[PDB]
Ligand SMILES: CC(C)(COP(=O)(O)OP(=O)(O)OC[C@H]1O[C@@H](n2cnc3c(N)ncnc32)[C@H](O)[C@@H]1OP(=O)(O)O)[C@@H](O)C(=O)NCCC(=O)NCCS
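Quick heads-up: it's one chain on its own, the form solved without ligand COA, in structure tokens.
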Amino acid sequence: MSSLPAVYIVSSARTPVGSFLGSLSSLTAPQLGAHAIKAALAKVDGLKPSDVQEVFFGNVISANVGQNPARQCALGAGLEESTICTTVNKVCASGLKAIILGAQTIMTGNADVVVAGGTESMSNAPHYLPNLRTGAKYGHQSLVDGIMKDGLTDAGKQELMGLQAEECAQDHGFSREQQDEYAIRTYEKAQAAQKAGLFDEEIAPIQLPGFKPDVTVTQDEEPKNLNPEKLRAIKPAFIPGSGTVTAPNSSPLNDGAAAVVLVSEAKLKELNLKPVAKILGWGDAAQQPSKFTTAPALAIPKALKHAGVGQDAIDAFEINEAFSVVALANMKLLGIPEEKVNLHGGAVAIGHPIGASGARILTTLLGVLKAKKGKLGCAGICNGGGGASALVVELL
């Protein structure tokens, strides 16, 4: 990875993360993505939106978004019609795999300026009617919830990912109480970062014009919802009685987008750009689909080896909190202390727009490294179907 051309991150930006049918539910996935792309580019002194050559953008539940969500994000952000645009689906890892592909396109010399990231509007995922073309002569028919079908259900076993999270808790010995106390801790971290202004730089607030007064959405919607007594008292979500996974200690359904701007070494010099960070390496891994929860335990070492960096040298990790048990299990398998993980809180408290989260956690990681005066960061995100993606950055 050192024998390959350098890839610099010159900026990043994210929408606030809205709740399901909540503050951003009126916006489509390309509207969210355009907002993030435009806000990331506005931060780069000396780089124009017309300089962007290629876009990779993650998006999972693309039904009814229209042709090529990434293209719609790029044009909506004001990029040139000459821009090459590709939508990426690696379920929950989409937004990070998009960034990997953008880096590679710089490395093979086919671009010098790339925007990559991801977007998801789970609020605007439709329902499906699958048999209208051939007809169904007689009998009740099903309207398929696109979130469940294309976002949250493992294709092999037809099992919701929350059921496989329960499998993870049983496999690795994590109780209801260990998961709940993790969830409270990560909500408290997200609230603390919010209150301290530590998301202000990375978030681009959204202005919703009134149809009626305008509305400005500035903060992530979920963190303020923590109620520790109710969190500890709620019923399980997937297994009655003996269940350990709950709605409060799991990720929610959410709307949001995030974007990074990548440039080659040559373009960084030509335009005299100030780099925020360097991409040191990455790794994808996969295992049995129902064990997707611990695929980051393969991807993270793979990315660290690609980067030539030891695990102990990392100053901060972003382990995406698909569920509280996912963070607990990868911390246990890798031997990573929680005091190095999701220092501004994670998806259980912040939200999980699935096509965007892989880029969202990288944006947040750069903020964590700056706030905590760190240098080396690693983001790792599991995905439905058994996979995970991971990436190592150096703050400059």
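Think of the rigid core as the biggest set of C-alphas that the two forms share within 1.5 Å after superposition. Start at 1 and count along the sequence shown; that's the residue number.
In terms of root mean square C-alpha deviation after superposing on the rigid core in 6 other deposited structures of this protein, the stretch standing farther out between 122-130 and 212-220 is 212-220.
After superposition on the rigid core, the larger root-mean-square Cα deviation in 6 other deposited structures of this protein belongs to 131-139, not to the other of 131-139 and 298-306.
In the deposited entry, the stretch joining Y138 to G139 is continuous, with no residue of the deposited sequence left without coordinates. When the two stretches 88-96 and 276-284 are set side by side, the higher mean Cα temperature factor goes to 276-284. Comparing 167-175 with 290-298, the higher mean C-alpha B-factor in the PDB entry belongs to 167-175. The PDB entry gives the largest Cα B-factor of the residues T83, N320, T186, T246 to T246. Each of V113, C73, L271, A190 has a CA temperature factor in the record; the biggest one is found at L271. In this PDB entry, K43 carries a Cα temperature factor that places it within the middle third of its chain's modelled residues. The PDB entry assigns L304 a C-alpha temperature factor belonging to the middle third of its chain's modelled residues.
For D150, the recorded CA temperature factor ranks within the lowest third of the chain's modelled residues.
For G210, the recorded CA temperature factor ranks within the highest third of the chain's modelled residues. In the PDB entry, a CA B factor belonging to the middle third of its chain's modelled residues is recorded for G197.
The form solved in complex with ligand COA is left out here; the points below concern that form.
Out of the listed residues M107, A196, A247, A266, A247 is the one that sits within 4.5 Å of ligand COA in the deposited bound form by at least one heavy atom. Put simply, of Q170, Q219, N227, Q311 only one has a heavy atom within 4.5 Å of ligand COA in the deposited bound form, and it is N227. Stretch 229-237 is the contacting one of 229-237, 266-274, 107-115, 303-311, since its residues have non-hydrogen atoms within 4.5 Å of ligand COA in the deposited bound form. In the deposited bound form, no heavy atom of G281 sits within 4.5 Å of ligand COA.
Taking the partner from elsewhere, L253 is found to have a heavy atom lying within 4.5 Å of ligand COA in the deposited bound form.
Ligand COA is not shown here, and in the deposited bound form it never comes within 4.5 Å of any heavy atom of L101. Contact annotation: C92 falls within 4.5 Å of ligand COA in the deposited bound form, judged by heavy atom distances. Contact here is defined as any heavy atom lying within 4.5 Å of ligand COA in the deposited bound form, and by that definition each of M161, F292 and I354 is a contact residue.
Contacts of stretch 122-159 with ligand COA in the deposited bound form, defined by any heavy atom lying within 4.5 Å, are made by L152 alone.
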